[PDB]
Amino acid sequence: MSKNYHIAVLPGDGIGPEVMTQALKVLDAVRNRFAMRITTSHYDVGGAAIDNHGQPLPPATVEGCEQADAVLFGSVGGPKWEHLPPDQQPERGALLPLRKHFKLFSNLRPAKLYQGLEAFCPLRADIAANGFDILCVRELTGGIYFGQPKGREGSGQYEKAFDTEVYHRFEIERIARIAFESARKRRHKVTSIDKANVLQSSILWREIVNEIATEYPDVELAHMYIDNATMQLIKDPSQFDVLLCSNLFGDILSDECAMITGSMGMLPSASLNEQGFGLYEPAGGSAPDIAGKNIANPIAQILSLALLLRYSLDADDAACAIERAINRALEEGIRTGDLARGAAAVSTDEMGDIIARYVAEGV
């Protein structure tokens, strides 16, 4: 709840700009309720920047993001591009350059069971009913996806391929930190996932996690292996707050958490660097068929904004207030098309009206 903030807003293609419009409505209701001074600049990126500057990521767009406290990003692909690939893509050509540009090494993906869809959840009703709220923190830049040596050697029966799981201390120290800070924002419990029986890199991970933890006495830390963690998300998801994972283990576990929500198309994602700059976006997926006719669901965008406030603009109170507006609309059955018993009671624009109205505690 304060003054000073500026936000690069990059809708993109497809549903991008119609779902960012709903986010800016909710931003405006936040601006008034908490008396926060937040300005935005809009920038072209992906397909429309192809169309305007003949570029997936125009250079001035990068400047504008350099000048912002955070980037709110939409969707990128939609209509008619990528016949010429791949770093001449939208996705390839905008999103990973931005990643690389700003040192975005972490990826946070919350998975919370909203009352309203305890029936969509895949777990036994008596399990879904206990509910859950988990933040999966995933290390993005190291591990076995990028390790070196990597490659393929030989022929015949002894032909081999190999990848290396490497981690460096500087890498494990920074992602651990983001996990602990985030648990402070939350319920003060970090479960670090590893394979610290067999894996040497998993022994260092553990080790270093236990060192960093001394700096956070108010946060409880547990360790769990990846295969126990795959069972426990099914058995009792409600035991976990923050999951701290390597690149591979977080890929797996962030997807397992998404599935157990039962919704998925509703989920946000954040990518942060160690200074608090983030790029916030829906995890879901670009439009395209769905585009232009307002039946896109804006919630994942509106939830990327909630994330933006908590994590880059340290407005935790403002972030909850959007969360509770969404929880309220979902409990009432208000859908774009997720429960049309007596009609998917709302279009994209209507959905954006209702949430911004609820934040402004109107309804």
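Note that residue numbering follows the sequence shown and begins at 1.
Undergrad: For the higher mean C-alpha B factor in the entry, choose 71-79 or 222-230.
TA: Per the PDB record, 71-79.
Undergrad: Using only the Cα atoms and their B-factors as the entry lists them, report which of 124-132 and 239-247 averages higher.
TA: Stretch with the greater average CA B-factor: 124-132.
Undergrad: Specify which of 209, 270, 190, 94 carries the largest Cα B factor in the deposited PDB entry.
TA: The listed residue with the largest C-alpha B-factor is 94.
Undergrad: Could you tell me which one of 173, 153, 163, 256 shows the highest CA temperature factor in the PDB record?
TA: Top of the list by C-alpha B-factor: 153.
Undergrad: Going by the recorded CA B-factors, say which third of the chain residue 339 sits in, lowest, middle or highest.
TA: Its C-alpha B-factor, which the entry lists for residue 339, ranks in the middle third among residues of this chain.
Undergrad: Lowest, middle or highest third: where is residue 7 by Cα B-factor in its chain?
TA: Middle third by C-alpha B-factor.
Undergrad: Where does the C-alpha B-factor of residue 360 rank in its chain, lowest, middle or highest third?
TA: Middle third.
Undergrad: Pull the Cα B-factor of residue 177 out of the PDB entry and bin it into the chain's lowest, middle or highest third.
TA: Lowest third, going by the recorded CA B-factors of the chain.
Undergrad: Within this chain, which third does the Cα B-factor at residue 282 fall in: lowest, middle or highest?
TA: For residue 282, the deposited C-alpha B-factor lands in the middle third.
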